[PDB]
Amino acid sequence: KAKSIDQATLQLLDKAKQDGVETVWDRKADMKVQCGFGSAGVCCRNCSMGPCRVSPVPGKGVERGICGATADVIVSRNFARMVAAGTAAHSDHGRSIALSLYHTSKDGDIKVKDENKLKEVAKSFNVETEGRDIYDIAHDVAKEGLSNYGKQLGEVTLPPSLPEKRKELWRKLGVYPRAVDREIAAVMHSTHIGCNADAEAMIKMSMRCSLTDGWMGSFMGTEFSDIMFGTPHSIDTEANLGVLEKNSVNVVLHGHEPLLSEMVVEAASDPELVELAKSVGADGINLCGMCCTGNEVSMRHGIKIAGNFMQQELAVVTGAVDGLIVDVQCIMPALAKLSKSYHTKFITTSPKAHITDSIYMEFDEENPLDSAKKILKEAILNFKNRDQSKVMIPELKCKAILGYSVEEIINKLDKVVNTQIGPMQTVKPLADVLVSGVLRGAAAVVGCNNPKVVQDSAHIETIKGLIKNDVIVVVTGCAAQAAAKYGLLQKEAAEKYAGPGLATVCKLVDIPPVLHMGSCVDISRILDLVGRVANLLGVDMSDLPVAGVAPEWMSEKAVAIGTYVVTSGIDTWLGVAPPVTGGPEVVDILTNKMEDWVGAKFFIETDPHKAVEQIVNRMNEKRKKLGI
Amino acid sequence: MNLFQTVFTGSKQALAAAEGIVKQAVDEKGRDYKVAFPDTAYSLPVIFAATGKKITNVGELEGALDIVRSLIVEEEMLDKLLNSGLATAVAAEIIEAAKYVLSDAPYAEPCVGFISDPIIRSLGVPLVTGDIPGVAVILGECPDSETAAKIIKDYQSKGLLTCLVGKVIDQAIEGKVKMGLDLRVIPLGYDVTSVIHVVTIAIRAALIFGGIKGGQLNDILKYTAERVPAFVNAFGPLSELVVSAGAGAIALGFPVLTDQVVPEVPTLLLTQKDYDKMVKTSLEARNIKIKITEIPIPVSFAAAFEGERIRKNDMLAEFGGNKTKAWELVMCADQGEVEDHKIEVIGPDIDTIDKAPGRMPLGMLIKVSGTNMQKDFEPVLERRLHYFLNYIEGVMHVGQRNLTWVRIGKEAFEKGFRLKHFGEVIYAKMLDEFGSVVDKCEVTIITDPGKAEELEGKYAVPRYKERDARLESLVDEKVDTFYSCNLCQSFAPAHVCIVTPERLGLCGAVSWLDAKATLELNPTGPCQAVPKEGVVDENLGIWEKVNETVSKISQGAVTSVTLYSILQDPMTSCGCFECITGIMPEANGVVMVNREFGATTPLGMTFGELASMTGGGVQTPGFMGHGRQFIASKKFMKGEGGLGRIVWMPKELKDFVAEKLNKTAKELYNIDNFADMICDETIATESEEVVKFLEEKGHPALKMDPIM
Ligand code: SF4
Ligand code: SF4
Ligand code: SF4
Ligand code: NI
C-alpha cells in the first residue's frame, strides 16, 4: 500500500531510501504481524505472576489469568491505564502552564498579554479583580488552577461553559471529577493485581479520570496559555515541508510545551542572533514548527508548520534542519539515530524527556529568554556544518488560515448579527444556523497519524465528506496539520469542497469550511464552544448534532481525549481500532451501553466514507430527537 | 416541524391549490382557452424566467404543474429548501394566472393584482437614481391598525416602494394610509399568492433591465439578489404556505423579517418583535441607506407625496393656472446681492383668505450665489424646483416658468403651513441638493399683484428668452465635447448613454446641459465628458473616442456605437426609454409608440412587446429607445433619411411633438404640416390601411430609398 497521500512526504521517502536511513514505515514493516493477544488487549502484565494471555475468542482456550482475571477484566484494566497515561500527559502540560502563570511579572520574561481573558478566567475561579494589580490576579488564578490538580478536600473548579445538566448527570453516574493527579492515582490503584475485576466499574473510573483531562487539565492549559501568550485570532501561515529554506538557518520546534517555543520565537528577533545567522553565511533564521508546539506558535504568531507526527523524521531527511529542538511527547526517539546521518543538532530541553545520544540543553524556566537564546545560538552555529549537496527541500508548501479560538469564532459570527436585533458576542448565529438546518451539524477532527493507515488519507477523506454533507468541521493537532498541508484551511475551499449550506455560511461569515482551533489541549476550546451552544439552547451536550472523529489516532492522549469527549456527551468515531476486541463486555460498554450512561458512545469504523455516512445518520437522528 | 419540513409542507399545499384551480379552468374554459396576464411581454414571468417557456393556453398551464413538482425534493439541504421556495413561487403564479382565466377582473379596488410592464419601466429610473431606496413587501396582519399604519408610513416617508398583501391592506385603510402607484403604497391582494405580483416585478427587472434571457434562472436569481433591494416583513401568525413563500423570497436573495418566533437564519430569516425598530432592522438587513432630510415645516415632506391628489372640496387656495398668472425663477447674482437665509414674503399671506378656494397671484424669486455658479445652471435648479415643491403634503405644483400652477390644500393649512414655508423648503433643498455650487440662497415669495407683474417682466421673461435662445443655439456641430451617463448601469451593466445636444438621454431626464451640470456638481458622478475627436463618419454618427469611452465604461460589452442610426450599431437602451421606434419594412419607414400608449401598433405589437426587443444593454438593430425630445431632432435617424421614416405615431404623441416635428421637417422642404401625413391609431392601425393612407397622403417615406 501507499505510505502517504502527501507528495512531499513521498519525495522525502524516496530520498530516505536513497540515503540508506530507516523511517517509521520501515520499522512498521520490520515489526511484521503484530502480536494478536496484545492487539486484542487480552494480554496482562500487571504482576510478576504473569505474563498472562487469555483467549480473545470466548469459550475457547485459556479463559482466565493466573489470579483469575477474565478477558473483560484484562481488557478493561488495559484500557483504563491508557486513559490514565493520556490524562497524565495532558495534566503535566497544564501543570507546567499553571506554574508559568504563577511566575509571571511585569518586568519578567513571562507577562500577561491578555488582561481581559485573565479577568474572565478569574471570574470563573472566584478571584476578585476590581481595583487589583493584574499580576496579583494572575498569581491568585494560578493558585486556584494548581489546587485543581492536587486538592484532597472539597470540589474542583469547572468552566462555566459546562452545562448544569451534564454536571448533574456525572454526579448521578458517579464519574464527577476530583483533582487530576488524584484521579490518575485512583485509576492506577484500581488496576493493581487483585483490585477492580468488574469491567463496568473500570470503564466508569477511566471516564472519571478523562474528565479531569478534558475540563480541567487541557482547559486550564489552554486558557492560561491564552492569558500569557495571547488569545489566537485569524492569521495566515504556510504548511508542509516546503517551508524549509535552503539558504537560511532552519530551526524546527517539535513537541508540546509552548513556553519554550514562545521564547525561541522571541529570541529569533534578537539583533545579536540575527547578526550571527548572517555571519555564518545564512540569509536569516527560519523557524518552523511541528505537531502541537508548531500548532501553538502558528496559532499565535503565524509560524510556518513543517509537518505533523509521521513527518518528523522526513524533516531531517531533507538535510536542511540545522537545529531540531524538542520538549516532550510524540518525539520519536529514532530521531537521535537519524540525526547522526546528517549535520542536524537534535536538542532535548526538558528533564521529563531525556533521549539517549541527543544533545541535552535544559530549558531554564527561571530565565526562559536567555535559555532559549543559548539553545537557538547552538542551532544557528550548526549552519556552518550544513552539507548543501545533501539538501533536498521539495517545492511543496500550502497556504493556511488558522487562529480560530472561541473568541475569534464569536468575533467572526458578529458580522452576521443584525445590529437592531442582537445580541453581540455570543454563539447565537452558530446556534441559529444549526437549529434551522442550514448546517446539519459540527464535527471535530482530531488525532495523530498511524502507520496502520495511509498517512493523512483518513483525515482528508473524513473532512471532505463531512464538509460536503454541510457539516462544519473544527480541527486540532496532526489532523489540523493534515488539513493545512492539503489546502482545506482556505476560504476558497468553501466553494471547492463544501455543500450548499456550508458554502453559504462560509461566504456570509468569511471563514474557511474547516476551522483550525489549535493543538491537542485546544480540544478543550471545542468543548467550550459546544458547551456554549448547549447553554444557549437550554439542552445537554448529548442533545446536539455534534460528533468527534479520530481517523488516525495512535497516542494514549488520543484515548483519553475520546473518552472524555464521549463522557461529555459527544459521539466519537475511531478510525483505528483500540485493543479491546478481546473483551466482548468492554466492546459492548464502549459502543452500546455508554449511550445509556452519558448519552453518547464510541463508533469504531476504519473506512472513512462509511464513517462520514454514520456520522451524518447519527446527527440526523439527534436532530429528529431535538425537533430541528 | 422544523424549517425544512415547514417549507416542504407549504410548497405541497401551494401545489395542491394550484392543481385544484387549474382543474376548474380546464372544466370551465377548456385547454384551448388563452392564458395571459394583462399587458406583459413575458407571459408568466416566473415560469418564463425558470424555464424560458411562454405559456399561452390552459393546456400548457396544466403542464406547468410539473415544474412545481420537479422543484419539491424533500431532502433537508439548503439547495432543496431554496428550490422548494421557488416551487411555491411558481405555484402561486399558476394560481394567479388561473384567476384571470376564470374571472375577467379577479381584483377589485384597492387591490391592483398584476403589475404591467409599463409600470415596471416607469419605476425603473427611480430605482437607478436611488429615488426608491428599496421595496418593502409587507404581508400578514399587524396587532393593530395604527402599528401597520406607522410602519407603512415610515417606509413611505423614506421613499421606499411598499407592497401590501393580506389584512395589512385593510389595516392601512383604517390607519388612513394614502395608497397608489404614485404614492408608492401598492396593495396587491388579500391572498398570499398575490405576493407573486411583486416577485414578478423583480423577475422582470432582470429580464428588462438586466437583459437576461429566459431560462437563465441562476443569472436571474443572482441579479435579484444583487440589484433588486427588496425585503419581506411578515406580520401575524405564519402558516406553512407563508413560510414556503418566504423561502421563495430568500431564494431570490430577499431577506424575510417577521414578528413571529421562527428558526432564524442569519441575514436571511430574522425575528424582530419590536415594531418600533422593524423599519431600521429591515434597512440594515437589506443594506438600504436613506439620507436624512431636515426641514423646518410642520408638514410631512417625502418624495412619495409627489403623486398626492387634493380634491377641490378641501383646497385652501390655488395659484397660477388661468386664475391668476404665477411664475418661478432661479437666478444667479453677486455675493453681496443675495444674503443667505432671507425668506421674505411680499403681499398677503395664505392665512388672510376668508372664503372658498381663493385666487391669488404667486411669484417665487430665488437668488443663489457661488463662485462656480453660472447662467447655465439655472435651468437645472428651476427644473428640480417642481419636484421640491411637490414633495410637501397638501401642496401640488404643476407647470414651469410663467405657465405654472400651485395649489394648497386645507389639510396642510390646518397644520400651520404658510407661504414662508415655500421659501423654507426651497432654501433647504437648494442648499442640500446643490450644495456644491449654491453657497447662499435668498428666496422671496410674492403675492402682491403689482410686484408680481413688475418683477416677472424685469427678471424672469428675459431669462426665459435667453434660455430658449441658448437651447436653440445648441447642435452637435457647435459643441466640442459630448457626455456619457452610466447611471442606469446599476440595473443594466452593459448600457452606456451618450447625451448629445441633438440626442438627450433615452430616459428623458438627462440632457446635454443636465449632464454638463451633473459633471460640474459631481465630478465622480455618472455624467463624464466624452470629447468628439477621431471622427469616422458624421452621417452615421461615429467617433473613435466615443467608441473608446463606450468600451471602457461598458467593460467591452459594446465595442462600436453609432449615434445617428437605427440599423448599424445603434446605441443601447436599458428599460426606461419614453418612446420606442421600430422599422416597418412594408411601409418603408418606422413606427413609434410611447410608454403611455396601451393599444396595438402596425407592427402588431404593443409598447411592452416592442420594448422587450431592445433593452438590457444589447445592441439590437431596427429597434431604438429614445425620449420624446429626440423625435423632432435633425439627428433623429440621420443615417436612415431623417424624419421622413416616421409613418405611424400615436395621436397623443403626435399632438405633443407636432410643432417641433413640423419645424424640423420643414428642412426636408415638406411644408405640409408634416404631422398630418403621419398616421395615428384614430385614423388607421393595420398595415394595409396605414400603407394606403401613406400612398394617398404622399408620404416622403415611400419616395425615399429602401430603409432595410
Ligand atoms: S502482548 Fe503479551 S503475549 Fe503478545 S508479545 Fe507482548 S507480552 Fe507477549
Ligand atoms: S494481574 Fe492476574 S492476569 Fe494480570 S499478570 Fe497478574 S496474575 Fe496474570
Ligand atoms: S441618460 Fe441613460 S444612463 Fe442616464 S438616467 Fe437616462 S437612460 Fe439612464
Ligand atoms: Ni432604460
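- Per the deposition metadata, cryo-EM was the technique used to determine this entry, at a resolution of 2.83 Å.

1. Overview of the overall build of chain A
Phase 1 of the analysis: Of the regular secondary structure elements, chain A holds 25 helices and 16 strands.
Phase 2 of the analysis: Scaling as 2.2 N^0.38, a compact globule of 628 residues should have a C-alpha radius of gyration of about 25 Å, and chain A matches this with 24 Å.
Phase 3 of the analysis: When burial is assessed residue by residue, chain A has 63% of its 628 residues classed as buried.
Phase 4 of the analysis: A sequence separation of at least 24 residues applies to 75% of the contacts in chain A between residues at least 6 apart.
Phase 5 of the analysis: As presented, chain A carries roughly 22700 Å² of accessible surface, and 53% of it is formed by carbon and sulfur atoms.
Phase 6 of the analysis: Averaged over its 70 positive side-chain charges, chain A has a centre that lies 4 Å from the centre of its 78 negative ones.

2. Brief notes about the overall build of chain B
Phase 1 of the analysis: A count of helical and extended segments in chain B gives 23 helices and 23 strands.
Phase 2 of the analysis: Taken over the C-alpha trace, chain B has a radius of gyration of 27 Å; the compact-globule value for 708 residues is 27 Å, and the two agree within 12%.
Phase 3 of the analysis: Over its C-alpha atoms, taken along the principal directions, chain B stretches across nearly 75 × 65 × 45 Å.
Phase 4 of the analysis: Buried positions account for 58% of the 708 residues belonging to chain B.
Phase 5 of the analysis: Relative to all contacts within chain B whose residues are 6 or more apart in sequence, the contacts with residues 24 or more apart total 73%.

3. Some words on the site of ligand 2
Phase 1 of the analysis: All residues adjacent to ligand 2 are A:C44, A:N46, A:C47, A:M49, A:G50, A:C52, A:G65, A:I66, A:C67, A:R77 and A:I193.
Phase 2 of the analysis: Of the residues contributing to the shell around ligand 2, the split by class is 7 nonpolar, 3 polar and 1 charged.

4. Considering the site of ligand 3
Phase 1 of the analysis: The full set of residues close to ligand 3 is B:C485, B:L487, B:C488, B:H495, B:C497, B:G505, B:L506, B:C507, B:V510 and B:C576.
Phase 2 of the analysis: Taken together, the residues of the shell around ligand 3 sort by class into 8 nonpolar, 2 polar and no charged.

5. Quick notes on a negative patch on the surface
Phase 1 of the analysis: On the surface, a cluster of negative charge is made up of A:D109, A:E266, A:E362, A:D364, A:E365, A:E366 and A:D370.
Phase 2 of the analysis: Following the sequence through the fold, A:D109 ends up in the loop between helix 4 (71-102) and helix 5 (115-124).

6. Remarks on the coordination of the nickel ion (ligand 4)
All names here are of chain B.
Phase 1 of the analysis: Coordination of the nickel ion (ligand 4) by the protein is provided by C574 (SG), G575 (N), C576 (N) and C576 (SG), with metal-donor distances spanning 2.0 to 2.3 Å.
Phase 2 of the analysis: Given 4 donor atoms and angles of 86 to 174 degrees at the metal, the environment of the nickel ion (ligand 4) is assigned as square planar.
Phase 3 of the analysis: The sequence motif formed by the donor residues of the nickel ion (ligand 4) is C-G-C. Both residues of the pair, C574 and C576, count as buried.

7. Brief notes about the UniProt feature "binding site: Ca(2+) 1" (unreviewed entry) in chain B
Residue and element names in this part refer to chain B.
Phase 1 of the analysis: According to UniProt, the positions carrying the feature "binding site: Ca(2+) 1" (unreviewed entry) are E174.
Phase 2 of the analysis: Tracing the backbone through its elements, the reader meets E174 in helix 9 (residues 168-174).
Phase 3 of the analysis: For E174, the contacting residues outside a window of four places in its chain are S145 and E146.
Phase 4 of the analysis: Polar side-chain contacts of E174 include one of 2.7 Å to the side chain of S145.

8. A few points about the interface of chain B and chain A
Phase 1 of the analysis: Across the boundary between the two partners, chain B contributes 20 residues, which contact 23 residues of chain A.
Phase 2 of the analysis: Across the chain B/chain A interface, buried area totals approximately 1800 Å², and carbon plus sulfur atoms make up 60% of it.
Phase 3 of the analysis: It is B:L78, B:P266 and B:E284 in chain B that bury the most area against chain A; as a group they hold 30% of the surface buried on that side.
Phase 4 of the analysis: On inspection of chain B and its partner chain A, the count reaches 2 salt bridges.
Phase 5 of the analysis: For A:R440, the salt bridge goes to B:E76, with nearest N and O atoms at 2.9 Å.
Phase 6 of the analysis: At the junction of chain B and chain A, the tally comes to 8 residue pairs in polar contact.

9. Some thoughts on the pattern of salt bridges
Phase 1 of the analysis: With the rule as written, the count across this model stands at 75 salt bridges over all chains.
Phase 2 of the analysis: For A:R27, the salt bridge identified is with A:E313, shortest N-O distance 2.9 Å. With A:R27 in helix 2 (residues 24-31) and A:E313 in helix 13 (residues 312-317), this pair connects stretches of sequence that are 286 residues apart.
Phase 3 of the analysis: Across the pair B:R418 and B:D351 runs a salt bridge, and its minimum N-O distance is 3.1 Å. Highlighted residues: B:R418 in the loop between helix 15 (410-414) and helix 16 (420-433) and B:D351 in the loop between strand 9 (343-346) and strand 10 (358-359), separated in sequence by 67 residues.
Phase 4 of the analysis: The class of B:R418 is partly exposed, set by a relative accessible area of 24%.
Phase 5 of the analysis: Overall, B:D351 belongs to the partly exposed group, its relative accessible area being 34%.
Phase 6 of the analysis: Linked through salt bridges whose partners overlap, the residues forming this network are A:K117, A:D226, A:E296, A:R300, A:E407, A:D522 and A:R525.

10. Focus: the sheet that holds strand 12 (residues 395-400) of chain B
Phase 1 of the analysis: Ordered by their spatial adjacency, 4 strands build an open sheet running 10-7-13-12 (chain B), and the pairing between neighbours is mixed. Strands with a single pairing partner mark the edges of an open sheet, and in this sheet they are strand 10 and strand 12 of chain B.

11. Some details on the environment of B:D537
Residues and elements named next belong to chain B.
Phase 1 of the analysis: Within the secondary structure layout, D537 lies in strand 18 (residues 535-537).
Phase 2 of the analysis: What makes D537 partly exposed here is its relative accessible area of 28%.
Phase 3 of the analysis: Of the polar contacts made by the side chain of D537, one reaches the backbone nitrogen of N539; its length is 3.3 Å.

12. Regarding the sheet that holds strand 11 (residues 363-369) of chain B
All names here are of chain B.
Phase 1 of the analysis: Spatially, 8-11-14-9 is the arrangement adopted by the 4 strands of the open sheet, whose pairing is mixed. The sheet is open, and its two edges are formed by strand 8 (327-332) and strand 9, each paired on a single side. Strand after strand, the sheet turns through a mean of 15 degrees between neighbouring axes, direction not considered.
Phase 2 of the analysis: Sheet topology note: the strand 9/strand 14 (residues 440-446) ladder contains 4 bridges and is parallel. Across the sheet, residue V345 finds its bridge partner in strand 14, namely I445.
Phase 3 of the analysis: Against the sheet, helix 17 (residues 449-472) engages strand 8, strand 9, strand 11 and strand 14, with an angle of about 65 degrees to strand 8.

13. Remarks on the packing of helix 4 of chain A against helix 24 (residues 584-598) of chain A
All names here are of chain A.
Phase 1 of the analysis: In contact at an axis separation of 7 Å, helix 4 and helix 24 are set at 50 degrees when each is read in the N-to-C sense. Comparing their axes, helix 24 and helix 4 come out oblique. Between helix 4 and helix 24, the residues in contact are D72, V75, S76 and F79 and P584, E585, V586 and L590, respectively.
Phase 2 of the analysis: The class makeup of the residues in the contact of helix 4 with helix 24 is 5 nonpolar, 1 polar and 2 charged.

14. Describing the packing of aromatic side chains
Phase 1 of the analysis: Under the definition given, this model contains 23 aromatic pairs over all chains.
Phase 2 of the analysis: With 5.9 Å between their ring centres and 50 degrees between their planes, B:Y42 and B:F48 make a pair best called tilted.
Phase 3 of the analysis: B:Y42 sits in the buried class, given a relative accessible area of 8%.
Phase 4 of the analysis: The interplanar angle of 70 degrees and the centroid separation of 5.8 Å between the aromatic rings of B:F301 and B:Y391 together place this pair among those described as edge-to-face. Of this pair, B:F301 sits in the loop between helix 13 (278-285) and strand 7 (315-320) while B:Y391 sits in the loop between helix 14 (378-390) and strand 12, and the two are 90 residues apart along the sequence. A single burial state applies to B:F301 and to B:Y391, both of which are buried.
Phase 5 of the analysis: Of the aromatic side chains, those joined through ring pairs into one cluster are B:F37, B:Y100, B:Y107 and B:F114.
Phase 6 of the analysis: We note A:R440 situated over the ring of B:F4; from NZ or CZ to the ring centre the distance is 5.6 Å.
Phase 7 of the analysis: The cationic tip of B:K54 hangs over the ring face of B:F48; the distance from NZ or CZ to the ring centre is 4.0 Å.

Quick notes on the rules
Residues numbered from 1 in each chain as written, not as in the entry; some residues may be left out. Chains lettered and ligands numbered in written order. Part of a larger assembly, values for the part shown. Heavy atoms only, no water. Helix = DSSP H or I, 4+ residues; strand = E, 2+ residues; numbered from the N terminus. Rg over C-alpha atoms; globule rule 2.2 N^0.38 Å. Buried < 20%, exposed > 50% of the residue type's maximum accessible area, 1.4 Å probe, protein only. Contact = heavy atoms within 4.5 Å. Areas by Shrake-Rupley, 256 points an atom, 1.4 Å probe, with all protein chains shown as cover. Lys, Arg positive; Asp, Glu negative; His and termini not counted. Charge placed at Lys NZ, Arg CZ, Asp CG, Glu CD. Near = heavy atom within 4 Å. Nonpolar A, V, L, I, M, F, W, Y, C, P; charged D, E, K, R; others polar. Patch = residues over 30% accessible without salt bridge, like charges linked within 9 Å, V, L, I, M, F, W, Y side chains within 5 Å. Salt bridge = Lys/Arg side-chain N within 4 Å of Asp/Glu carboxyl O. Donors = N, O, S within 2.8 Å, 3.2 Å for Na, K, Ca; no water. Tetrahedral: all angles 85-135°; square planar, octahedral: opposite > 155°, others 65-115°. UniProt positions renumbered as here; feature names shortened; annotations may be inferred. Polar contact = N/O pair within 3.5 Å; in protein donor to acceptor, adjacent residues only side chain to side chain. Buried area = accessible area lost by both parts, 1.4 Å probe. Pairing = 2+ DSSP bridges. Axes fitted to C-alpha atoms, helices over the stretch in contact; angles between N-to-C directions. Parallel < 35°, antiparallel > 145°, perpendicular 65-115°, else oblique. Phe/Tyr/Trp six-rings, centres within 6.5 Å; stacked < 30°, edge-to-face > 60°. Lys NZ or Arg CZ within 6 Å of the ring centre and 35° of its normal.

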